[PDB]
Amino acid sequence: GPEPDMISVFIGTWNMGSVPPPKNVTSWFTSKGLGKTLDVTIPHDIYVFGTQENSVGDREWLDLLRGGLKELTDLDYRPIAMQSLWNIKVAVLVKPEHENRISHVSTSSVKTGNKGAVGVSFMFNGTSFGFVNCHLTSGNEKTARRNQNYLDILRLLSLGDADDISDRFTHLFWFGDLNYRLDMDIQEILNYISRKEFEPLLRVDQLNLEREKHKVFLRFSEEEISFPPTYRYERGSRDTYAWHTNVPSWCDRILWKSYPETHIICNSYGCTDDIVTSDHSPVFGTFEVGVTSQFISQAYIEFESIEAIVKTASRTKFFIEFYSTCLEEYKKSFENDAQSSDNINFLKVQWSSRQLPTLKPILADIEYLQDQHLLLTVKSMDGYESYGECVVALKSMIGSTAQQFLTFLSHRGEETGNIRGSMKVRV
């Protein structure tokens, strides 16, 4: 009980339109405006600010953010880190008291016009966080290029540390001017916007469509959108869309991907309507997020069997590597001892208990172990390349009797099958 079990995280994304911001951006910080909004006078534990087309210097911009929070909260928020890629910038600020809870800070950037992404990662006690702020390709017809920018960022971002960042963090937030547009005629768009009927517009949102096709943001969630398209506004008010062609669109988005059986709840998601220097409106999202401090405040993990369904026609043997922060070093299986055809595109590979390792956690405490996760990777014996990664929560696995886990494999932005197994955690 002495340490935090839960924190409140603010994420903001704002394309500043290459002009100075207004002195007062308080509405952004406080989730005031349109959509799912707040009233709450209680400052967040962490503020993450992502910006695009930001012409304010790195230091000056950080000073504006600290000064604004100081004015709002009377606390001096501490920069954990900041990363810029020319006019694409991200800053993470934290309440003074959490300074000593932060460790393993990392930053990275990927350039894909200035387009690309900047990232920050760290641990908060035993829980890891990643934040990716991006500006993807512009224009209604450039969906394929946006998708490719996403894949390049995913592949090249060197945050944390696996093959890519998608499974590296307990909670991964990806936000920015993703630049996906509405696939609809201007007249219909404007009619739905005036009547405040966003559901028919969301049906033709290109990001939603590409996510459903499994091209981008595998495993990510986004909160329901109840606020109007944030692009493209005439400057100086929010009365008019400048569409002369740039149809109104939800360019500016916040998404997340979390490890299984963790606590995360979106408390707000919306845009401001009183910040008018840019052709985009700022977007805010706030989250209540579980944090594990059990390590701060003999055990064995055993496997009776594992069965993977893997996208491949290879006749090579396979093994599994097991990684976790609760282990001194990773472990690996022997080769699979049975194999068969699942489908025309998939093989079934099976490891009996004989082929599988016994993992030995760093601490034997039951509450500690309940908050841990294992990263499993299926690799070929010929060349050692990965065919799929997944994450398994220990939460429901504590006992003398083996229980089943079931989850899904991915690799390099593709779904590559599934994995089912029988395990137990003994203390």
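Note that residue numbering begins at 1 and tracks the sequence as displayed.
Unmodelled stretch separating residue 161 from residue 162: 4 to 9 residues (count of deposited-sequence residues without coordinates). Per the record, residue 244 and residue 245 are separated by 4 to 9 deposited residues that are missing from the model. The PDB entry records a higher mean C-alpha B factor for 339 to 347 than for its counterpart among 339 to 347 and 208 to 216. Per-stretch averaging of Cα B factors for 27 to 35 and 393 to 401 places 393 to 401 on top. Taking only the listed residues 257, 332, 142, 89, the entry reports the highest CA temperature factor at 142. Annotation for 173, 150, 250, 295: 295 ranks highest, by Cα B-factor. Sort the modelled residues of the chain by CA B factor and residue 423 lands in the highest third. Looking at the C-alpha B-factors along this chain, the one for residue 44 belongs to the lowest third. When the CA B factors of the chain's modelled residues are split into thirds, the value for residue 361 lands in the highest one. In the deposited entry, the Cα temperature factor of residue 378 sits in the bottom third of values across the chain's modelled residues. When the CA B factors of the chain's modelled residues are split into thirds, the value for residue 101 lands in the middle one.
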